[PDB]
Amino acid sequence: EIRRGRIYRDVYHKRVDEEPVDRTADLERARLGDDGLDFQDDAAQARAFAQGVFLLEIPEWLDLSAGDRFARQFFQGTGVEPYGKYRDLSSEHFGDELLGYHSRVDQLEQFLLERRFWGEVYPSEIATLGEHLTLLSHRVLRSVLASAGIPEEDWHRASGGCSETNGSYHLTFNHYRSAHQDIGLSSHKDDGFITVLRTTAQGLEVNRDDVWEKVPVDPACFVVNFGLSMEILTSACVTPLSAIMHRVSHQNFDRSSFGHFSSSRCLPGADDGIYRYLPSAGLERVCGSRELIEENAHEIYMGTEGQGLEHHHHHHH
Ligand SMILES: C[C@@H](CCO)[C@@H]1NC(=O)[C@H](C[C@@](C)(O)CO)NC1=O
Ligand SMILES: O=C(O)CCC(=O)C(=O)O
Ligand SMILES: [Fe+2]
């Protein structure tokens, strides 16, 4: 089901759509307060889950200031205190090729770290931020699973442990180098179940249906994305949920962001796998969790195979 360079062939037309973006997306808005996850009404929640993206009000108790500073500093090198030294931590420090500082082939450079290292490696205030976002993400995920009609007995296996905060969690910081040419971050779907994105400036674009649209800047809200694992899991339920195709436009001045990603456990020696739920037969394994992550990473930055799909390029008409 997961073939290298072919994950996105069914949305290839979205990946090569480079028409100017003049629309802004009207996303549904939810809150997670004293009543759980709360949209304006049931219709709004259904629209949000079918689009695979919505806005989530940042709880008043949650402190993001250290994350915002880390996102603006991690890449600067050991000269710059307190966070510039994270530039120098590469994957061999963690025994995990996914983690540490990464200079991508798009404008973005990243620092990515999985939860098993937060307490040891991140500044304590950043580890605290990661744990708070994990508990917040956990509550969102359980609301979504409850609406999908999957029996609760199956949630732990269906979520690779995320239904009980036993999945894999990455707290990832993004810096868009405006001196680099071309797209800020290529169009993609995230690997996992739930992504919680903290953005404070223009750049994020989503393609919920047939057109790319700008996500409005609202620093009092998170953007919540569903990822490929959520799409795969619910693909045969009564109401399949979409993973949102999204990208970051070319940045003319530097931009920073960070995100919390929930995935099926993908430890190098303990991989919980990716499943789809069949209303008849139950859970069926589709692929490995790390397998999905690395084939996704390949195709996000190296591109989707386009043979036979050339009519989707505007210049061929
Ligand atoms: C699991 C981990 C990705 C590990 O490679 C998690 N999952 C994602 O899909 C994104 C994807 C891209 C845009 O960020 C990375 O370049 N980032 C994450 O941190
Ligand atoms: O920087 C952003 O707004 C988007 C980040 C993102 O989509 C990702 O890292 O997966
Ligand atoms: Fe993403």
Side-chain angles (χ1 to χ4, degrees), residues 7-8 15 25 52-53 55 67-68 71-72 74 91 94 96-118 130 133-134 137 160 162 167-178 183-207 214-219 221-232 243-251 254-268 271-272 274 288-302:
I7 300 179
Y8 294 103
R15 301 206 74 194
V53 60
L55 297 173
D68 297 329
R72 284 161 180 78
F74 71 89
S91 54
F94 309 102
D96 186 338
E97 62 274 21
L98 302 180
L99 306 188
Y101 172 78
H102 286 280
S103 170
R104 305 291 184 180
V105 301
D106 296 337
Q107 287 186 314
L108 82 168
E109 58 192 335
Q110 291 187 296
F111 190 86
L112 311 90
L113 196 60
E114 205 276 320
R115 182 181 189 207
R116 72 196 185 276
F117 292 110
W118 293 345
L133 292 170
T134 303
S137 183
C162 288
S168 283
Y169 306 97
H170 292 82
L171 184 64
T172 296
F173 294 87
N174 288 6
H175 177 242
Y176 296 86
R177 299 166 290 187
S178 62
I183 191 89
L185 166 57
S186 297
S187 59
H188 64 286
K189 295 168 184 182
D190 298 338
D191 76 296
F193 292 106
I194 304 293
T195 305
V196 180
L197 292 179
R198 151 56 151 206
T199 67
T200 53
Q202 169 180 263
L204 181 67
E205 297 171 349
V206 292
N207 188 325
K214 295 171 137 85
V215 180
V217 181
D218 192 350
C221 290
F222 293 129
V223 178
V224 176
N225 297 159
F226 296 162
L228 285 159
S229 296
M230 183 72 80
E231 189 168 79
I232 288 171
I244 181 62
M245 277 291 277
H246 54 290
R247 74 188 179 196
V248 179
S249 56
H250 170 85
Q251 295 297 305
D254 291 353
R255 176 181 180 276
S256 291
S257 67
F258 62 89
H260 177 280
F261 298 76
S262 296
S263 311
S264 172
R265 188 172 54 169
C266 61
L267 297 183
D271 193 291
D272 276 17
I274 306 297
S289 181
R290 183 169 290 252
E291 183 191 0
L292 180 56
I293 289 160
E294 61 192 33
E295 302 298 340
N296 198 31
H298 166 90
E299 193 168 340
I300 294 172
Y301 297 106
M302 296 296 102

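Both ligands and their constituent atoms are indexed starting at 1 by order of listing. Numbers for residues simply follow the sequence, beginning at 1.
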Does any non-hydrogen side-chain atom of [Y] lie less than 4.5 Å from one of [X]?
X      : Y      : answer
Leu112 : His102 : yes
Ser229 : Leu292 : yes
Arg290 : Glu97  : yes
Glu231 : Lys189 : yes

Q.
Whether the side chain of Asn225 engages the backbone of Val196 through a donor-acceptor N/O pair (distance < 3.5 Å, no angle test) should be reported.
A.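 No: the side chain of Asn225 does not pair with the backbone of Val196.
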Q: Examine distances only and state if a side-chain atom of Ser264 and a backbone atom of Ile274 form a donor-acceptor pair shorter than 3.5 Å.
A: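 Absent.
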Nearest protein heavy atom to [atom], by residue and atom, and its distance?
atom                    : value
atom 4 (C) of ligand 1  : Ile293 CG2, 3.7 Å
atom 19 (O) of ligand 1 : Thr172 OG1, 2.7 Å
atom 10 (C) of ligand 1 : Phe261 CE2, 3.4 Å
atom 7 (N) of ligand 1  : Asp191 OD1, 2.7 Å
atom 15 (C) of ligand 1 : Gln110 OE1, 3.4 Å

Q: Have a look around the Fe ion (ligand 3) and list protein N/O/S atoms under 2.8 Å, or say none.
A: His188 NE2, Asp190 OD1, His246 NE2
Q | Worked verdict on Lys214 versus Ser249 for side chain to side chain contact (heavy atoms under 4.5 Å, CB included) | A | CA-CA 9 Å; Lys214 295 171 137 85; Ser249 56; over 6 Å; no
Have [X] and [Y] got a donor and an acceptor in their side chains that come within less than 3.5 Å?
X      : Y      : value
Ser137 : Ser262 : yes
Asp190 : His188 : yes
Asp254 : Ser178 : yes

[X] and ligand 1 - part of the residue with a heavy-atom distance under 4.0 Å:
X      : answer
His102 : neither
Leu112 : side chain
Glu294 : neither
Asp190 : both

Q. Which word best sums up how the rings of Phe111 and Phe94 line up, parallel for under 30°, tilted for 30 to 60°, or perpendicular for over 60°?
A. perpendicular
Q | side-chain contact (heavy atoms from CB on, under 4.5 Å) partners for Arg177, two or more places apart | A |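 So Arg177 forms a side-chain contact (heavy atoms from CB on, under 4.5 Å) with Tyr101, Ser103, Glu109, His175, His180.
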Q. Would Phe226 and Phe193 count as a ring-ring contact (aromatic ring centres under 6.0 Å, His included) if you check the C-alpha gap in whole Å, the side-chain angles of each, and the deciding distance to 0.1 Å?
A. CA-CA 6 Å; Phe226 296 162; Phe193 292 106; 9.8 Å; no
Q. So which pairs with a foot in residues 291-300 pass salt bridge (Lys or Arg N to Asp or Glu O under 4.0 Å), sequence neighbours left out?
A. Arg4-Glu295
**Q.** Proximal ligand 1 atoms for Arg104, defined as those under 4.0 Å from one of its heavy atoms
**A.**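 With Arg104 as reference, the close atoms of ligand 1 come out as 15 (C), 16 (O).
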Q) Which of the numbered atoms in ligand 1 are below 4.0 angstrom from a heavy atom of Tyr301? A)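 It comes down to these atoms of ligand 1: 13 (C), 15 (C), 16 (O).
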What are the polar N/O contacts of ligand 2 with the protein below 3.5 Å, with distances?
from: ligand 2; atom 1: 1 (O); to: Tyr176; atom 2: OH; distance (Å): 2.5
from: ligand 2; atom 1: 1 (O); to: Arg255; atom 2: NH1; distance (Å): 3.0
from: ligand 2; atom 1: 1 (O); to: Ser257; atom 2: OG; distance (Å): 2.6
from: ligand 2; atom 1: 3 (O); to: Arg255; atom 2: NH1; distance (Å): 3.4
from: ligand 2; atom 1: 3 (O); to: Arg255; atom 2: NH2; distance (Å): 2.9
from: ligand 2; atom 1: 7 (O); to: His188; atom 2: NE2; distance (Å): 3.4
from: ligand 2; atom 1: 7 (O); to: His246; atom 2: NE2; distance (Å): 3.3
from: ligand 2; atom 1: 9 (O); to: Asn174; atom 2: ND2; distance (Å): 3.0
from: ligand 2; atom 1: 10 (O); to: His188; atom 2: NE2; distance (Å): 3.2
from: ligand 2; atom 1: 10 (O); to: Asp190; atom 2: OD1; distance (Å): 3.2

**Q.** Nearest-0.5 Å distance that lies between atom OG in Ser168 and atom CZ in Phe261
**A.**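 Going from the OG atom of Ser168 to the CZ atom of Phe261 covers 13.5 Å.
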